[PDB]
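**Student:** Pasting run18.pdb below, which is PDB, N, CA and C atoms and all ligand atoms.
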```
ATOM      1  N   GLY O   1       4.795 -19.012  14.294  1.00  0.00           N
ATOM      2  CA  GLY O   1       6.080 -19.687  14.327  1.00  0.00           C
ATOM      3  C   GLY O   1       7.207 -18.814  13.812  1.00  0.00           C
ATOM      4  N   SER O   2       7.265 -18.642  12.495  1.00  0.00           N
ATOM      5  CA  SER O   2       8.306 -17.830  11.876  1.00  0.00           C
ATOM      6  C   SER O   2       7.696 -16.764  10.969  1.00  0.00           C
ATOM      7  N   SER O   3       6.623 -16.137  11.443  1.00  0.00           N
ATOM      8  CA  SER O   3       5.942 -15.101  10.676  1.00  0.00           C
ATOM      9  C   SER O   3       5.529 -13.941  11.576  1.00  0.00           C
ATOM     10  N   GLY O   4       5.671 -12.723  11.063  1.00  0.00           N
ATOM     11  CA  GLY O   4       5.309 -11.547  11.834  1.00  0.00           C
ATOM     12  C   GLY O   4       6.364 -10.461  11.762  1.00  0.00           C
ATOM     13  N   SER O   5       6.189  -9.414  12.563  1.00  0.00           N
ATOM     14  CA  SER O   5       7.130  -8.301  12.583  1.00  0.00           C
ATOM     15  C   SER O   5       8.556  -8.792  12.354  1.00  0.00           C
ATOM     16  N   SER O   6       8.917  -9.877  13.030  1.00  0.00           N
ATOM     17  CA  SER O   6      10.254 -10.447  12.905  1.00  0.00           C
ATOM     18  C   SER O   6      10.228 -11.712  12.051  1.00  0.00           C
ATOM     19  N   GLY O   7      10.385 -11.539  10.743  1.00  0.00           N
ATOM     20  CA  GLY O   7      10.377 -12.673   9.838  1.00  0.00           C
ATOM     21  C   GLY O   7      11.753 -12.983   9.283  1.00  0.00           C
ATOM     22  N   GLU O   8      11.789 -13.682   8.153  1.00  0.00           N
ATOM     23  CA  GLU O   8      13.052 -14.045   7.520  1.00  0.00           C
ATOM     24  C   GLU O   8      13.260 -13.259   6.229  1.00  0.00           C
ATOM     25  N   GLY O   9      13.924 -12.113   6.339  1.00  0.00           N
ATOM     26  CA  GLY O   9      14.177 -11.286   5.174  1.00  0.00           C
ATOM     27  C   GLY O   9      14.435  -9.837   5.536  1.00  0.00           C
ATOM     28  N   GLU O  10      15.195  -9.622   6.607  1.00  0.00           N
ATOM     29  CA  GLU O  10      15.515  -8.273   7.058  1.00  0.00           C
ATOM     30  C   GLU O  10      16.980  -7.943   6.789  1.00  0.00           C
ATOM     31  N   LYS O  11      17.225  -6.735   6.294  1.00  0.00           N
ATOM     32  CA  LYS O  11      18.582  -6.292   5.993  1.00  0.00           C
ATOM     33  C   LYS O  11      18.974  -5.104   6.865  1.00  0.00           C
ATOM     34  N   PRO O  12      20.272  -5.008   7.187  1.00  0.00           N
ATOM     35  CA  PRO O  12      20.804  -3.922   8.016  1.00  0.00           C
ATOM     36  C   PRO O  12      20.781  -2.578   7.297  1.00  0.00           C
ATOM     37  N   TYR O  13      20.529  -2.615   5.994  1.00  0.00           N
ATOM     38  CA  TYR O  13      20.482  -1.400   5.189  1.00  0.00           C
ATOM     39  C   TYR O  13      19.172  -1.311   4.412  1.00  0.00           C
ATOM     40  N   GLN O  14      18.071  -1.636   5.083  1.00  0.00           N
ATOM     41  CA  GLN O  14      16.755  -1.595   4.456  1.00  0.00           C
ATOM     42  C   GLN O  14      16.052  -0.275   4.755  1.00  0.00           C
ATOM     43  N   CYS O  15      15.639   0.422   3.701  1.00  0.00           N
ATOM     44  CA  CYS O  15      14.954   1.700   3.851  1.00  0.00           C
ATOM     45  C   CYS O  15      13.793   1.584   4.835  1.00  0.00           C
ATOM     46  N   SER O  16      13.441   2.702   5.461  1.00  0.00           N
ATOM     47  CA  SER O  16      12.350   2.726   6.428  1.00  0.00           C
ATOM     48  C   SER O  16      11.190   3.574   5.919  1.00  0.00           C
ATOM     49  N   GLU O  17      11.519   4.654   5.216  1.00  0.00           N
ATOM     50  CA  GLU O  17      10.503   5.549   4.673  1.00  0.00           C
ATOM     51  C   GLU O  17       9.513   4.783   3.800  1.00  0.00           C
ATOM     52  N   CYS O  18      10.039   4.030   2.840  1.00  0.00           N
ATOM     53  CA  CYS O  18       9.202   3.249   1.936  1.00  0.00           C
ATOM     54  C   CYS O  18       9.441   1.754   2.131  1.00  0.00           C
ATOM     55  N   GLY O  19      10.707   1.376   2.282  1.00  0.00           N
ATOM     56  CA  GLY O  19      11.046  -0.021   2.475  1.00  0.00           C
ATOM     57  C   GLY O  19      11.639  -0.650   1.230  1.00  0.00           C
ATOM     58  N   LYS O  20      12.966  -0.690   1.165  1.00  0.00           N
ATOM     59  CA  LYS O  20      13.659  -1.269   0.019  1.00  0.00           C
ATOM     60  C   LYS O  20      15.062  -1.725   0.407  1.00  0.00           C
ATOM     61  N   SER O  21      15.304  -3.029   0.306  1.00  0.00           N
ATOM     62  CA  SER O  21      16.604  -3.593   0.648  1.00  0.00           C
ATOM     63  C   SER O  21      17.595  -3.411  -0.499  1.00  0.00           C
ATOM     64  N   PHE O  22      18.881  -3.518  -0.184  1.00  0.00           N
ATOM     65  CA  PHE O  22      19.929  -3.364  -1.186  1.00  0.00           C
ATOM     66  C   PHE O  22      21.204  -4.081  -0.754  1.00  0.00           C
ATOM     67  N   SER O  23      21.924  -4.634  -1.725  1.00  0.00           N
ATOM     68  CA  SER O  23      23.162  -5.352  -1.447  1.00  0.00           C
ATOM     69  C   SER O  23      24.315  -4.379  -1.224  1.00  0.00           C
ATOM     70  N   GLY O  24      24.373  -3.801  -0.028  1.00  0.00           N
ATOM     71  CA  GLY O  24      25.429  -2.859   0.291  1.00  0.00           C
ATOM     72  C   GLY O  24      24.893  -1.492   0.669  1.00  0.00           C
ATOM     73  N   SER O  25      25.573  -0.826   1.596  1.00  0.00           N
ATOM     74  CA  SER O  25      25.156   0.496   2.048  1.00  0.00           C
ATOM     75  C   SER O  25      25.155   1.491   0.891  1.00  0.00           C
ATOM     76  N   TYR O  26      26.304   1.632   0.240  1.00  0.00           N
ATOM     77  CA  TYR O  26      26.439   2.552  -0.882  1.00  0.00           C
ATOM     78  C   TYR O  26      25.195   2.521  -1.764  1.00  0.00           C
ATOM     79  N   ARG O  27      24.762   1.317  -2.123  1.00  0.00           N
ATOM     80  CA  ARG O  27      23.583   1.149  -2.965  1.00  0.00           C
ATOM     81  C   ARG O  27      22.382   1.881  -2.373  1.00  0.00           C
ATOM     82  N   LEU O  28      22.110   1.624  -1.098  1.00  0.00           N
ATOM     83  CA  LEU O  28      20.988   2.258  -0.413  1.00  0.00           C
ATOM     84  C   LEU O  28      20.895   3.737  -0.776  1.00  0.00           C
ATOM     85  N   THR O  29      21.981   4.468  -0.544  1.00  0.00           N
ATOM     86  CA  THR O  29      22.022   5.893  -0.846  1.00  0.00           C
ATOM     87  C   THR O  29      21.283   6.202  -2.143  1.00  0.00           C
ATOM     88  N   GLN O  30      21.800   5.682  -3.252  1.00  0.00           N
ATOM     89  CA  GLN O  30      21.188   5.903  -4.556  1.00  0.00           C
ATOM     90  C   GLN O  30      19.666   5.892  -4.451  1.00  0.00           C
ATOM     91  N   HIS O  31      19.132   4.894  -3.756  1.00  0.00           N
ATOM     92  CA  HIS O  31      17.690   4.769  -3.582  1.00  0.00           C
ATOM     93  C   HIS O  31      17.145   5.912  -2.731  1.00  0.00           C
ATOM     94  N   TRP O  32      17.733   6.101  -1.555  1.00  0.00           N
ATOM     95  CA  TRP O  32      17.305   7.159  -0.648  1.00  0.00           C
ATOM     96  C   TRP O  32      17.102   8.471  -1.400  1.00  0.00           C
ATOM     97  N   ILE O  33      17.738   8.586  -2.560  1.00  0.00           N
ATOM     98  CA  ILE O  33      17.625   9.790  -3.375  1.00  0.00           C
ATOM     99  C   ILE O  33      16.165  10.137  -3.645  1.00  0.00           C
ATOM    100  N   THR O  34      15.397   9.142  -4.079  1.00  0.00           N
ATOM    101  CA  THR O  34      13.984   9.341  -4.373  1.00  0.00           C
ATOM    102  C   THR O  34      13.280  10.065  -3.231  1.00  0.00           C
ATOM    103  N   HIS O  35      13.894  10.037  -2.053  1.00  0.00           N
ATOM    104  CA  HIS O  35      13.327  10.693  -0.880  1.00  0.00           C
ATOM    105  C   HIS O  35      13.868  12.113  -0.735  1.00  0.00           C
ATOM    106  N   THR O  36      14.374  12.662  -1.835  1.00  0.00           N
ATOM    107  CA  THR O  36      14.926  14.012  -1.831  1.00  0.00           C
ATOM    108  C   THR O  36      14.206  14.903  -2.836  1.00  0.00           C
ATOM    109  N   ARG O  37      14.066  14.410  -4.063  1.00  0.00           N
ATOM    110  CA  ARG O  37      13.398  15.163  -5.117  1.00  0.00           C
ATOM    111  C   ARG O  37      11.893  15.224  -4.870  1.00  0.00           C
ATOM    112  N   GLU O  38      11.314  14.090  -4.488  1.00  0.00           N
ATOM    113  CA  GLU O  38       9.882  14.016  -4.222  1.00  0.00           C
ATOM    114  C   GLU O  38       9.420  15.214  -3.397  1.00  0.00           C
ATOM    115  N   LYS O  39       8.496  15.988  -3.957  1.00  0.00           N
ATOM    116  CA  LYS O  39       7.968  17.164  -3.276  1.00  0.00           C
ATOM    117  C   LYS O  39       6.463  17.039  -3.062  1.00  0.00           C
ATOM    118  N   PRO O  40       6.073  16.298  -2.014  1.00  0.00           N
ATOM    119  CA  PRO O  40       4.662  16.085  -1.677  1.00  0.00           C
ATOM    120  C   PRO O  40       3.993  17.352  -1.155  1.00  0.00           C
ATOM    121  N   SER O  41       2.692  17.472  -1.398  1.00  0.00           N
ATOM    122  CA  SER O  41       1.935  18.638  -0.955  1.00  0.00           C
ATOM    123  C   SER O  41       2.069  18.832   0.552  1.00  0.00           C
ATOM    124  N   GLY O  42       1.704  17.803   1.309  1.00  0.00           N
ATOM    125  CA  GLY O  42       1.791  17.880   2.757  1.00  0.00           C
ATOM    126  C   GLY O  42       1.437  16.567   3.429  1.00  0.00           C
ATOM    127  N   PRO O  43       0.138  16.369   3.700  1.00  0.00           N
ATOM    128  CA  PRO O  43      -0.356  15.150   4.348  1.00  0.00           C
ATOM    129  C   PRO O  43      -0.258  13.929   3.440  1.00  0.00           C
ATOM    130  N   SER O  44       0.848  13.202   3.552  1.00  0.00           N
ATOM    131  CA  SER O  44       1.066  12.011   2.738  1.00  0.00           C
ATOM    132  C   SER O  44       1.262  10.780   3.617  1.00  0.00           C
ATOM    133  N   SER O  45       2.229  10.857   4.525  1.00  0.00           N
ATOM    134  CA  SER O  45       2.522   9.749   5.426  1.00  0.00           C
ATOM    135  C   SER O  45       1.315   9.426   6.301  1.00  0.00           C
ATOM    136  N   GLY O  46       1.445   8.383   7.116  1.00  0.00           N
ATOM    137  CA  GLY O  46       0.358   7.987   7.993  1.00  0.00           C
ATOM    138  C   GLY O  46      -0.359   6.744   7.503  1.00  0.00           C
TER     139      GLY O  46
HETATM  140 ZN    ZN O 101      12.927   4.286   0.411  1.00  0.00          ZN
END
```
Show the structure stored in the file as structure tokens.
Ligand SMILES: [Zn+2]

**Tutor:**
Amino acid sequence: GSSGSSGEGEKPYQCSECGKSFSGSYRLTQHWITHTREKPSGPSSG
């Protein structure tokens, strides 16, 4: 009915790498930061 890929709780500024919503675009940035310093060995995603 109202459950699945398309549910009730999606934001236009929700991270995709990890997934984190925020009240405002500007805010998102601050978060996206964690996706800059993080220095993974290699095979992480997937
Ligand atoms: Zn993220």

**Student:** Point out the residue among O:19, O:42, O:4, O:12 with the least atom-to-atom distance to ligand ZN 101 (chain O), counting only N, CA and C atoms and all ligand atoms.

**Tutor:**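 Going through O:19, O:42, O:4, O:12 one by one, the smallest distance to ligand ZN 101 (chain O) is for O:19.
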
**Student:** Which residues would end up in the selection if the PyMOL selection byres (((not hetatm) and name CA) within 7 of (chain O and resi 101)) were applied here, given that I need the answer as number ranges by chain?

**Tutor:** O: 15-20, 31-32, 35

**Student:** Give me, as a list in words, all polymer residues having an atom no more than 10 Å from residue 21 in chain O, counting only C-alpha atoms and skipping those fewer than 6 positions away in the same chain.

**Tutor:**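 Counting only C-alpha atoms, the residues come to residues 9, 10, 11, 12, 13, 14, 15, 27, 28 and 31 of chain O.
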
**Student:** Work out how far apart CA of residue 8 in chain O and atom C of residue 23 in chain O are and give it in Å to one decimal.

**Tutor:**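 Atom-to-atom, CA of residue 8 in chain O and atom C of residue 23 in chain O are spaced 17.2 Å apart.
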
**Student:** Give me the box for range 31-34 of chain O as JSON, namely the centre and edge lengths in Å to one decimal of a box along x, y and z that holds every listed atom plus 6 Å on each side.

**Tutor:**
```
{"center_x": 16.2, "center_y": 7.5, "center_z": -2.5, "size_x": 17.9, "size_y": 17.4, "size_z": 15.7}
```
